[PDB]
file my_file.pdb (PDB, C-alpha atoms (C1' of nucleotides))
MODEL        1
ATOM      1  CA  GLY A  17      41.849  37.423 102.217
ATOM      2  CA  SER A  18      41.325  37.095 105.958
ATOM      3  CA  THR A  19      40.998  33.965 108.083
ATOM      4  CA  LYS A  20      40.113  32.888 111.614
ATOM      5  CA  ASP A  21      42.267  33.433 114.713
ATOM      6  CA  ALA A  22      45.876  33.497 113.495
ATOM      7  CA  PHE A  23      48.705  34.167 115.919
ATOM      8  CA  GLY A  24      50.710  37.272 115.096
ATOM      9  CA  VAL A  25      54.050  38.700 116.137
ATOM     10  CA  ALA A  26      54.239  42.282 117.399
ATOM     11  CA  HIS A  27      57.802  43.557 117.052
ATOM     12  CA  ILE A  28      57.176  46.707 119.081
ATOM     13  CA  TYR A  29      60.295  48.806 118.450
ATOM     14  CA  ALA A  30      59.977  51.936 120.590
ATOM     15  CA  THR A  31      62.861  54.363 121.056
ATOM     16  CA  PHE A  32      63.283  57.735 122.731
ATOM     17  CA  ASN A  33      62.447  59.492 119.446
ATOM     18  CA  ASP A  34      59.623  57.352 118.024
ATOM     19  CA  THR A  35      57.625  54.154 118.427
ATOM     20  CA  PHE A  36      56.763  51.355 116.004
ATOM     21  CA  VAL A  37      53.768  49.024 116.229
ATOM     22  CA  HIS A  38      54.422  46.304 113.654
ATOM     23  CA  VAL A  39      52.473  43.046 113.321
ATOM     24  CA  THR A  40      53.218  40.358 110.744
ATOM     25  CA  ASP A  41      52.526  36.683 110.232
ATOM     26  CA  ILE A  42      54.510  34.145 112.243
ATOM     27  CA  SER A  43      56.941  33.798 109.332
ATOM     28  CA  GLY A  44      57.862  37.458 109.770
ATOM     29  CA  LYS A  45      57.747  38.195 106.037
ATOM     30  CA  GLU A  46      54.209  39.567 105.496
ATOM     31  CA  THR A  47      53.246  42.520 107.670
ATOM     32  CA  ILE A  48      49.614  43.009 108.687
ATOM     33  CA  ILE A  49      49.437  46.652 109.780
ATOM     34  CA  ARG A  50      52.245  48.971 110.870
ATOM     35  CA  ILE A  51      51.363  52.256 112.600
ATOM     36  CA  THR A  52      54.044  54.400 114.225
ATOM     37  CA  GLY A  53      53.973  57.298 116.651
ATOM     38  CA  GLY A  54      54.701  59.858 113.947
ATOM     39  CA  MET A  55      51.485  58.907 112.153
ATOM     40  CA  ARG A  56      49.339  59.788 115.181
ATOM     41  CA  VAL A  57      50.696  63.176 116.334
ATOM     42  CA  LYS A  58      51.417  66.558 114.786
ATOM     43  CA  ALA A  59      54.116  67.688 117.235
ATOM     44  CA  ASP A  60      57.601  66.347 116.510
ATOM     45  CA  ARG A  61      58.480  66.202 120.215
ATOM     46  CA  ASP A  62      55.487  63.886 120.784
ATOM     47  CA  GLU A  63      56.428  61.235 118.219
ATOM     48  CA  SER A  64      57.021  58.840 121.140
ATOM     49  CA  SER A  65      54.710  59.935 123.949
ATOM     50  CA  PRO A  66      52.906  57.118 125.799
ATOM     51  CA  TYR A  67      49.601  58.544 124.584
ATOM     52  CA  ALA A  68      50.919  58.454 121.018
ATOM     53  CA  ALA A  69      52.200  54.905 121.461
ATOM     54  CA  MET A  70      48.946  53.692 123.012
ATOM     55  CA  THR A  71      46.686  55.402 120.466
ATOM     56  CA  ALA A  72      48.703  53.880 117.621
ATOM     57  CA  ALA A  73      48.714  50.470 119.307
ATOM     58  CA  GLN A  74      44.969  50.860 119.850
ATOM     59  CA  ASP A  75      44.139  51.436 116.186
ATOM     60  CA  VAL A  76      46.576  48.689 115.177
ATOM     61  CA  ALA A  77      44.625  46.057 117.101
ATOM     62  CA  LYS A  78      41.277  46.957 115.516
ATOM     63  CA  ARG A  79      42.660  45.960 112.122
ATOM     64  CA  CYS A  80      44.139  42.761 113.567
ATOM     65  CA  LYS A  81      40.814  41.475 114.874
ATOM     66  CA  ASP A  82      39.269  42.739 111.635
ATOM     67  CA  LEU A  83      41.657  40.518 109.663
ATOM     68  CA  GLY A  84      41.548  37.655 112.170
ATOM     69  CA  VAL A  85      44.814  38.073 114.076
ATOM     70  CA  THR A  86      43.886  38.132 117.759
ATOM     71  CA  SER A  87      46.952  36.834 119.632
ATOM     72  CA  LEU A  88      50.416  38.349 119.360
ATOM     73  CA  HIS A  89      53.894  37.084 120.191
ATOM     74  CA  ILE A  90      55.270  40.371 121.485
ATOM     75  CA  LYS A  91      58.902  41.223 120.744
ATOM     76  CA  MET A  92      60.378  44.188 122.605
ATOM     77  CA  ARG A  93      63.250  46.145 121.111
ATOM     78  CA  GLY A  94      65.047  49.467 121.365
ATOM     79  CA  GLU A  95      67.800  51.152 119.369
ATOM     80  CA  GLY A  96      70.515  49.137 121.045
ATOM     81  CA  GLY A  97      73.224  48.383 118.520
ATOM     82  CA  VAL A  98      75.926  50.608 119.983
ATOM     83  CA  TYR A  99      73.428  52.933 121.668
ATOM     84  CA  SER A 100      71.166  52.500 124.687
ATOM     85  CA  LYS A 101      69.729  48.988 124.913
ATOM     86  CA  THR A 102      66.801  49.995 127.151
ATOM     87  CA  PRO A 103      63.390  50.222 125.437
ATOM     88  CA  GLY A 104      62.109  53.761 125.179
ATOM     89  CA  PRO A 105      59.200  55.376 127.005
ATOM     90  CA  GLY A 106      56.235  54.282 124.914
ATOM     91  CA  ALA A 107      57.150  50.590 124.842
ATOM     92  CA  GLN A 108      55.071  49.692 127.905
ATOM     93  CA  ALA A 109      52.161  51.871 126.779
ATOM     94  CA  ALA A 110      52.019  50.144 123.395
ATOM     95  CA  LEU A 111      52.071  46.661 124.916
ATOM     96  CA  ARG A 112      49.496  47.578 127.561
ATOM     97  CA  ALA A 113      47.306  49.246 124.933
ATOM     98  CA  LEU A 114      47.146  45.950 123.047
ATOM     99  CA  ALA A 115      46.317  44.138 126.288
ATOM    100  CA  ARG A 116      43.509  46.594 127.022
ATOM    101  CA  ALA A 117      42.495  46.126 123.377
ATOM    102  CA  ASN A 118      41.370  42.567 124.225
ATOM    103  CA  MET A 119      44.223  40.714 122.554
ATOM    104  CA  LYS A 120      45.696  37.450 123.771
ATOM    105  CA  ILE A 121      49.381  37.879 124.598
ATOM    106  CA  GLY A 122      51.679  34.986 123.775
ATOM    107  CA  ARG A 123      55.423  34.945 124.268
ATOM    108  CA  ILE A 124      57.092  38.205 125.256
ATOM    109  CA  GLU A 125      60.752  38.553 124.329
ATOM    110  CA  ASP A 126      63.414  41.256 124.218
ATOM    111  CA  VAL A 127      64.827  41.336 120.688
ATOM    112  CA  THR A 128      67.065  44.331 121.225
ATOM    113  CA  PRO A 129      70.306  43.468 119.393
ATOM    114  CA  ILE A 130      73.318  42.822 121.609
ATOM    115  CA  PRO A 131      76.602  43.270 119.695
ATOM    116  CA  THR A 132      78.940  40.399 120.389
ATOM    117  CA  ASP A 133      81.516  42.955 119.262
ATOM    118  CA  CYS A 134      80.870  46.464 118.055
ATOM    119  CA  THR A 135      81.884  49.171 115.615
ATOM    120  CA  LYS A 136      82.756  52.699 116.689
ATOM    121  CA  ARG A 137      80.147  54.812 118.454
ATOM    122  CA  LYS A 138      79.223  58.364 117.514
ATOM    123  CA  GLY A 139      80.613  61.173 119.642
ATOM    124  CA  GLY A 140      84.378  60.810 119.633
ATOM    125  CA  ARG A 141      86.441  60.397 122.775
ATOM    126  CA  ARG A 142      84.753  62.993 124.962
ATOM    127  CA  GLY A 143      81.176  62.098 124.141
ATOM    128  CA  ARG A 144      78.122  64.304 123.946
ATOM    129  CA  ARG A 145      78.395  67.639 125.737
TER     130      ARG A 145
ATOM    131  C1'   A B   1     146.217  24.973 148.191
ATOM    132  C1'   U B   2     138.745  26.380 152.725
ATOM    133  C1'   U B   3     133.339  26.314 152.123
ATOM    134  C1'   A B   4     128.930  25.851 149.184
ATOM    135  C1'   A B   5     126.324  32.670 151.012
ATOM    136  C1'   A B   6     117.504  33.616 152.490
ATOM    137  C1'   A B   7     124.885  36.301 146.616
ATOM    138  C1'   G B   8     124.808  34.848 141.610
ATOM    139  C1'   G B   9     124.671  31.733 137.169
ATOM    140  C1'   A B  10     123.589  26.365 134.897
ATOM    141  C1'   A B  11     120.261  20.811 133.935
ATOM    142  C1'   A B  12     106.984  19.951 137.964
ATOM    143  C1'   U B  13     103.726  23.755 136.919
ATOM    144  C1'   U B  14     101.926  28.986 135.875
ATOM    145  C1'   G B  15     101.495  32.633 132.018
ATOM    146  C1'   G B  16      94.671  38.112 128.460
ATOM    147  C1'   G B  17     103.943  37.118 127.808
ATOM    148  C1'   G B  18     105.578  37.113 121.951
ATOM    149  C1'   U B  19     105.350  35.442 117.090
ATOM    150  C1'   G B  20     102.669  32.060 112.725
ATOM    151  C1'   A B  21      98.301  29.764 110.261
ATOM    152  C1'   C B  22      84.260  31.262 115.789
ATOM    153  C1'   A B  23      80.371  35.104 116.667
ATOM    154  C1'   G B  24      76.841  38.444 115.576
ATOM    155  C1'   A B  25      76.180  43.913 115.868
ATOM    156  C1'   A B  26      76.816  48.159 112.200
ATOM    157  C1'   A B  27      76.435  49.188 107.181
ATOM    158  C1'   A B  28      75.852  47.627 102.047
ATOM    159  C1'   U B  29      73.696  44.614  98.320
ATOM    160  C1'   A B  30      69.501  41.085  96.594
ATOM    161  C1'   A B  31      64.428  39.714  96.989
ATOM    162  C1'   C B  32      59.733  39.665  99.244
ATOM    163  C1'   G B  33      55.557  42.249 102.824
ATOM    164  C1'   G B  34      53.265  47.464 103.512
ATOM    165  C1'   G B  35      52.132  52.251 101.603
ATOM    166  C1'   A B  36      53.481  57.455 104.337
ATOM    167  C1'   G B  37      56.307  59.301 106.734
ATOM    168  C1'   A B  38      61.715  58.664 108.746
ATOM    169  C1'   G B  39      66.285  60.810 111.357
ATOM    170  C1'   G B  40      67.158  64.516 114.933
ATOM    171  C1'   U B  41      66.563  68.042 119.121
ATOM    172  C1'   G B  42      65.039  71.094 125.149
ATOM    173  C1'   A B  43      62.376  72.871 120.547
ATOM    174  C1'   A B  44      63.398  72.911 115.219
ATOM    175  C1'   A B  45      65.572  72.976 110.564
ATOM    176  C1'   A B  46      69.342  71.530 106.420
ATOM    177  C1'   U B  47      68.627  65.786 105.344
ATOM    178  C1'   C B  48      66.418  60.581 103.394
ATOM    179  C1'   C B  49      61.216  59.202 101.189
ATOM    180  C1'   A B  50      55.879  57.244  96.186
ATOM    181  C1'   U B  51      61.766  55.317  91.649
TER     182        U B  51
ENDMDL
END
call {"tool": "encode", "arguments": {"input": "my_file.pdb", "output": "structure tokens"}}
result
Amino acid sequence: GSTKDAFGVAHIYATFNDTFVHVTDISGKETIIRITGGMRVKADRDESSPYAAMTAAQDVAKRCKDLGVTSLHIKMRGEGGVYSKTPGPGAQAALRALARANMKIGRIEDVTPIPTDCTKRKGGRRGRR
RNA sequence: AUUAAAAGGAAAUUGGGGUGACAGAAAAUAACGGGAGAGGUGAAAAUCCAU
């Protein structure tokens, strides 16, 4: 059920607590292989280390070239609804790992959601102490 | 029986001043992809997960 070189999309959602390496078809409805940081480490604190993000992104690519997807439209995103809109630590490691993995890199975009207007944020008035 | 006060009141623009009748985030629901973790912390656990 594989084909020749088919462009993919890599919605790499990496936050301060975890990382996600998700590749689908260009329609965005059928995923190809999705490996996250928590599937590559045993320590909870290391669910989003750059080594964890790069190792996961490494093994993700091998399946992509195995199935024929070689080029990826990267999409960068962090947990930025009402929280921090900056991509987490392992975001760059995951992208670079794919680049070292001999994958053509197409468009790169930031798909972190930006609320036109927002709900309440957790923490109350005085915030986190 | 004085005037016409850089006293006051009365008859071209400025105004997120007051009243009255477009946007996606967050979450839910529906359906599809995938099949093992996900949240969370300085570190963990109670928690959600093969329905």
call {"tool": "atom_distance", "arguments": {"input": "my_file.pdb", "atom1": "atom CA of residue A:76", "atom2": "atom CA of residue A:114"}}
result
8.4 Å
call {"tool": "atom_distance", "arguments": {"input": "my_file.pdb", "atom1": "atom CA of residue A:97", "atom2": "atom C1' of residue B:30"}}
result
23.4 Å
call {"tool": "interface_residues", "arguments": {"input": "my_file.pdb", "of": "chain A", "to": "chain B", "cutoff": "7 Å", "atoms": "all atoms listed in the file", "output": "JSON list (two decimals) with C-alpha atoms, keeping the file's coordinate frame"}}
result
[["chain", "number", "residue", "atom", "x", "y", "z"],
["A", 45, "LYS", "CA", 57.75, 38.20, 106.04],
["A", 46, "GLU", "CA", 54.21, 39.57, 105.50],
["A", 47, "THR", "CA", 53.25, 42.52, 107.67],
["A", 97, "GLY", "CA", 73.22, 48.38, 118.52],
["A", 129, "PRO", "CA", 70.31, 43.47, 119.39],
["A", 130, "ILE", "CA", 73.32, 42.82, 121.61],
["A", 131, "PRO", "CA", 76.60, 43.27, 119.70],
["A", 132, "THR", "CA", 78.94, 40.40, 120.39],
["A", 133, "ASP", "CA", 81.52, 42.96, 119.26],
["A", 134, "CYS", "CA", 80.87, 46.46, 118.06],
["A", 135, "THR", "CA", 81.88, 49.17, 115.62]]
call {"tool": "resolve_selection", "arguments": {"input": "my_file.pdb", "expression": "the PyMOL selection byres ((chain A and resi 24-39) around 7)", "output": "PyMOL selection string"}}
result
chain A and resi 22-23+40-42+47-54+63-64+69+73+85+87-95+103-107
call {"tool": "closest_residue", "arguments": {"input": "my_file.pdb", "among": "A:19, A:99, A:124, A:118", "to": "residue A:138", "atoms": "only C-alpha atoms"}}
result
A:99
call {"tool": "atom_distance", "arguments": {"input": "my_file.pdb", "atom1": "atom CA of residue A:17", "atom2": "atom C1' of residue B:50"}}
result
25.0 Å
call {"tool": "build_atoms", "arguments": {"input": "my_file.pdb", "residues": "stretch 69-95 of chain A", "atoms": "N, CA, C and O atoms", "output": "PDB file, in the coordinates of the input"}}
result
ATOM      1  N   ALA A  69      51.936  56.328 121.628  1.00  0.00           N
ATOM      2  CA  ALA A  69      52.200  54.905 121.461  1.00  0.00           C
ATOM      3  C   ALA A  69      50.951  54.073 121.720  1.00  0.00           C
ATOM      4  O   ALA A  69      50.721  53.066 121.043  1.00  0.00           O
ATOM      5  N   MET A  70      50.137  54.472 122.696  1.00  0.00           N
ATOM      6  CA  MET A  70      48.946  53.692 123.012  1.00  0.00           C
ATOM      7  C   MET A  70      47.841  53.915 121.987  1.00  0.00           C
ATOM      8  O   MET A  70      47.127  52.972 121.632  1.00  0.00           O
ATOM      9  N   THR A  71      47.681  55.148 121.502  1.00  0.00           N
ATOM     10  CA  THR A  71      46.686  55.402 120.466  1.00  0.00           C
ATOM     11  C   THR A  71      47.019  54.640 119.190  1.00  0.00           C
ATOM     12  O   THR A  71      46.135  54.046 118.563  1.00  0.00           O
ATOM     13  N   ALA A  72      48.291  54.643 118.793  1.00  0.00           N
ATOM     14  CA  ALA A  72      48.703  53.880 117.621  1.00  0.00           C
ATOM     15  C   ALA A  72      48.497  52.389 117.839  1.00  0.00           C
ATOM     16  O   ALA A  72      47.963  51.689 116.972  1.00  0.00           O
ATOM     17  N   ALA A  73      48.914  51.883 119.003  1.00  0.00           N
ATOM     18  CA  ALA A  73      48.714  50.470 119.307  1.00  0.00           C
ATOM     19  C   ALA A  73      47.235  50.126 119.408  1.00  0.00           C
ATOM     20  O   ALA A  73      46.838  48.999 119.093  1.00  0.00           O
ATOM     21  N   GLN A  74      46.410  51.073 119.852  1.00  0.00           N
ATOM     22  CA  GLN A  74      44.969  50.860 119.850  1.00  0.00           C
ATOM     23  C   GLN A  74      44.468  50.588 118.440  1.00  0.00           C
ATOM     24  O   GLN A  74      43.922  49.517 118.153  1.00  0.00           O
ATOM     25  N   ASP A  75      44.670  51.552 117.538  1.00  0.00           N
ATOM     26  CA  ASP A  75      44.139  51.436 116.186  1.00  0.00           C
ATOM     27  C   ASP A  75      44.743  50.255 115.442  1.00  0.00           C
ATOM     28  O   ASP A  75      44.112  49.708 114.532  1.00  0.00           O
ATOM     29  N   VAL A  76      45.961  49.852 115.806  1.00  0.00           N
ATOM     30  CA  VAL A  76      46.576  48.689 115.177  1.00  0.00           C
ATOM     31  C   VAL A  76      45.760  47.439 115.466  1.00  0.00           C
ATOM     32  O   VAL A  76      45.483  46.636 114.568  1.00  0.00           O
ATOM     33  N   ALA A  77      45.345  47.268 116.722  1.00  0.00           N
ATOM     34  CA  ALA A  77      44.625  46.057 117.101  1.00  0.00           C
ATOM     35  C   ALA A  77      43.328  45.917 116.321  1.00  0.00           C
ATOM     36  O   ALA A  77      43.008  44.828 115.831  1.00  0.00           O
ATOM     37  N   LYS A  78      42.579  47.015 116.174  1.00  0.00           N
ATOM     38  CA  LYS A  78      41.277  46.957 115.516  1.00  0.00           C
ATOM     39  C   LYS A  78      41.376  46.318 114.140  1.00  0.00           C
ATOM     40  O   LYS A  78      40.498  45.546 113.740  1.00  0.00           O
ATOM     41  N   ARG A  79      42.442  46.623 113.402  1.00  0.00           N
ATOM     42  CA  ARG A  79      42.660  45.960 112.122  1.00  0.00           C
ATOM     43  C   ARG A  79      42.990  44.486 112.308  1.00  0.00           C
ATOM     44  O   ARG A  79      42.573  43.646 111.503  1.00  0.00           O
ATOM     45  N   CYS A  80      43.743  44.150 113.359  1.00  0.00           N
ATOM     46  CA  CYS A  80      44.139  42.761 113.567  1.00  0.00           C
ATOM     47  C   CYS A  80      42.926  41.868 113.795  1.00  0.00           C
ATOM     48  O   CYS A  80      42.792  40.816 113.158  1.00  0.00           O
ATOM     49  N   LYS A  81      42.028  42.262 114.703  1.00  0.00           N
ATOM     50  CA  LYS A  81      40.814  41.475 114.874  1.00  0.00           C
ATOM     51  C   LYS A  81      39.913  41.563 113.653  1.00  0.00           C
ATOM     52  O   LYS A  81      39.128  40.640 113.406  1.00  0.00           O
ATOM     53  N   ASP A  82      40.017  42.646 112.881  1.00  0.00           N
ATOM     54  CA  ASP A  82      39.269  42.739 111.635  1.00  0.00           C
ATOM     55  C   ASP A  82      39.758  41.725 110.614  1.00  0.00           C
ATOM     56  O   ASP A  82      38.962  41.210 109.819  1.00  0.00           O
ATOM     57  N   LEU A  83      41.052  41.434 110.615  1.00  0.00           N
ATOM     58  CA  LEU A  83      41.657  40.518 109.663  1.00  0.00           C
ATOM     59  C   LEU A  83      41.817  39.120 110.244  1.00  0.00           C
ATOM     60  O   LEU A  83      42.130  38.181 109.507  1.00  0.00           O
ATOM     61  N   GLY A  84      41.554  38.953 111.536  1.00  0.00           N
ATOM     62  CA  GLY A  84      41.548  37.655 112.170  1.00  0.00           C
ATOM     63  C   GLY A  84      42.687  37.397 113.130  1.00  0.00           C
ATOM     64  O   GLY A  84      42.628  36.419 113.882  1.00  0.00           O
ATOM     65  N   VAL A  85      43.720  38.230 113.128  1.00  0.00           N
ATOM     66  CA  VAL A  85      44.814  38.073 114.076  1.00  0.00           C
ATOM     67  C   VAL A  85      44.354  38.607 115.425  1.00  0.00           C
ATOM     68  O   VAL A  85      44.002  39.784 115.550  1.00  0.00           O
ATOM     69  N   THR A  86      44.333  37.741 116.431  1.00  0.00           N
ATOM     70  CA  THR A  86      43.886  38.132 117.759  1.00  0.00           C
ATOM     71  C   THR A  86      44.951  37.989 118.829  1.00  0.00           C
ATOM     72  O   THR A  86      44.896  38.703 119.831  1.00  0.00           O
ATOM     73  N   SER A  87      45.917  37.096 118.646  1.00  0.00           N
ATOM     74  CA  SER A  87      46.952  36.834 119.632  1.00  0.00           C
ATOM     75  C   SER A  87      48.312  37.167 119.041  1.00  0.00           C
ATOM     76  O   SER A  87      48.581  36.868 117.874  1.00  0.00           O
ATOM     77  N   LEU A  88      49.165  37.789 119.847  1.00  0.00           N
ATOM     78  CA  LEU A  88      50.416  38.349 119.360  1.00  0.00           C
ATOM     79  C   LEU A  88      51.582  37.875 120.211  1.00  0.00           C
ATOM     80  O   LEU A  88      51.556  38.010 121.438  1.00  0.00           O
ATOM     81  N   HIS A  89      52.601  37.326 119.557  1.00  0.00           N
ATOM     82  CA  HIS A  89      53.894  37.084 120.191  1.00  0.00           C
ATOM     83  C   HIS A  89      54.641  38.407 120.225  1.00  0.00           C
ATOM     84  O   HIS A  89      55.233  38.825 119.229  1.00  0.00           O
ATOM     85  N   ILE A  90      54.615  39.078 121.374  1.00  0.00           N
ATOM     86  CA  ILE A  90      55.270  40.371 121.485  1.00  0.00           C
ATOM     87  C   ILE A  90      56.781  40.196 121.403  1.00  0.00           C
ATOM     88  O   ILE A  90      57.345  39.195 121.863  1.00  0.00           O
ATOM     89  N   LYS A  91      57.445  41.176 120.795  1.00  0.00           N
ATOM     90  CA  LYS A  91      58.902  41.223 120.744  1.00  0.00           C
ATOM     91  C   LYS A  91      59.323  42.656 121.034  1.00  0.00           C
ATOM     92  O   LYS A  91      59.026  43.563 120.251  1.00  0.00           O
ATOM     93  N   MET A  92      59.994  42.857 122.160  1.00  0.00           N
ATOM     94  CA  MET A  92      60.378  44.188 122.605  1.00  0.00           C
ATOM     95  C   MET A  92      61.779  44.520 122.116  1.00  0.00           C
ATOM     96  O   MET A  92      62.671  43.667 122.125  1.00  0.00           O
ATOM     97  N   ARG A  93      61.975  45.767 121.698  1.00  0.00           N
ATOM     98  CA  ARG A  93      63.250  46.145 121.111  1.00  0.00           C
ATOM     99  C   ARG A  93      63.431  47.654 121.176  1.00  0.00           C
ATOM    100  O   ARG A  93      62.479  48.411 120.981  1.00  0.00           O
ATOM    101  N   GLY A  94      64.668  48.077 121.464  1.00  0.00           N
ATOM    102  CA  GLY A  94      65.047  49.467 121.365  1.00  0.00           C
ATOM    103  C   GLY A  94      66.292  49.609 120.507  1.00  0.00           C
ATOM    104  O   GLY A  94      66.920  48.622 120.125  1.00  0.00           O
ATOM    105  N   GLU A  95      66.646  50.859 120.220  1.00  0.00           N
ATOM    106  CA  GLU A  95      67.800  51.152 119.369  1.00  0.00           C
ATOM    107  C   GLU A  95      69.074  50.844 120.147  1.00  0.00           C
ATOM    108  O   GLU A  95      69.751  51.729 120.676  1.00  0.00           O
TER     109      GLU A  95
END
